[PDB]
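**Student:** Structure of the sequence below:
(chains A and B)
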Amino acid sequence: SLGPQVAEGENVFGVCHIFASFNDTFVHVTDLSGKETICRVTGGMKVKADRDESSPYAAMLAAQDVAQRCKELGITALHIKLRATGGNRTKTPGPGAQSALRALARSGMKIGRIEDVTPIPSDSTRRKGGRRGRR
RNA sequence: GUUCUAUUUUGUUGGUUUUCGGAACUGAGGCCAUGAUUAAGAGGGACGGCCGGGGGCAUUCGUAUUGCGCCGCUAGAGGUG
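**Tutor:** Numbers count the residues shown, from 1 in each chain, chains lettered A, B, ... in the order given. There you are, the coordinates:
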């Protein structure tokens, strides 16, 4: 865990894969390739209740903890990719999405580029549920 | 022109042919003001340039979903009021 890049010259870059459903929130720091990961802490592992894993509070303290983990090993800037559930299911990012990148930016972690990588189907299969929906 | 035929007539007695009245057939005529309403804000059809998620056959693309292979890191992951 020794970054040979000089801190004062230019900024070491990384990315976290922000996936935030309506029942859980995932923060997943990987490298610029994405094959190799550095840190991955979830919203559900700091709160011991199933109903508030996606809550905006359970998201926020996960944000500095990954950032604290990403600080000694030498990364100051992260790229951000938002991810919702995608597929045939809902496309809106959960309530833990916005609190994730906000608190890490407040923690002293720089921001790279912003884009959304929701797995948007061109033309999907049958949506789960009946013809009348979730009655 | 052809065929048969009512016949009036051959003075009467007898055959015949026709003028003659009828019926039918065949060829050359003359004449018609020589014979054709319209093209329906009806229809049918032809033609010209289009037009269209119309139909059938073949071909091609796009994520996403599922499953699998490999790599990385992990204690939770799904789901719900």
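
**Student:** And for residue A:14, nearest residue in space, chain neighbours not counted?
**Tutor:** Spatial nearest neighbour of residue A:14, excluding adjacent residues (Cβ to Cβ, 6 or more residues apart in numbering): residue A:75 at 4.3 Å. To be clear about C-beta, it is placed using only N, CA and C from the backbone, and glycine gets the same treatment.

**Student:** before we move on, what SS does that neighbour have?
**Tutor:** The three-state assignment at residue A:75 reads coil, by DSSP: H, G, I helix; E, B strand; the rest coil.

**Student:** before we move on, what about residue A:79?
**Tutor:** strand.

**Student:** For it, give me its contacts.
**Tutor:** A:13-16, A:32, A:112-113 (Cβ atoms under 8 Å, 6 or more residues apart in numbering).

**Student:** which of these count as buried?
**Tutor:** Among the contacts of residue A:79, those classed as buried by 16 or more other Cβ atoms under 10 Å are A:13-16.

**Student:** thinking again about what came up before, does the residue nearest to residue A:14 touch residue A:7 like I think?
**Tutor:** No: Residue A:75 is beyond contact range of residue A:7, at 10.6 Å (criterion: Cβ atoms under 8 Å).

**Student:** okay, the two: which has more neighbours?
**Tutor:** Just comparing residue A:75 and residue A:7: by other Cβ atoms under 10 Å the higher neighbour count belongs to residue A:75, 24 against 10.

**Student:** Spit out the contact partners of that one.
**Tutor:** A:3, A:12-14, A:29, A:38.

**Student:** In strands, which of those fall?
**Tutor:** Applying DSSP state E to the contacts of residue A:75, the entries found in strands are A:13-14, A:29, A:38.

**Student:** Include distance to RNA strand B when you put the residues you listed into JSON lines, please.
**Tutor:** What follows is those, written out as JSON lines (distance: Cβ to the nearest atom of the strand, whole Å):
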{"residue": "A:13", "distance to RNA strand B": "18"}
{"residue": "A:14", "distance to RNA strand B": "13"}
{"residue": "A:29", "distance to RNA strand B": "10"}
{"residue": "A:38", "distance to RNA strand B": "8"}
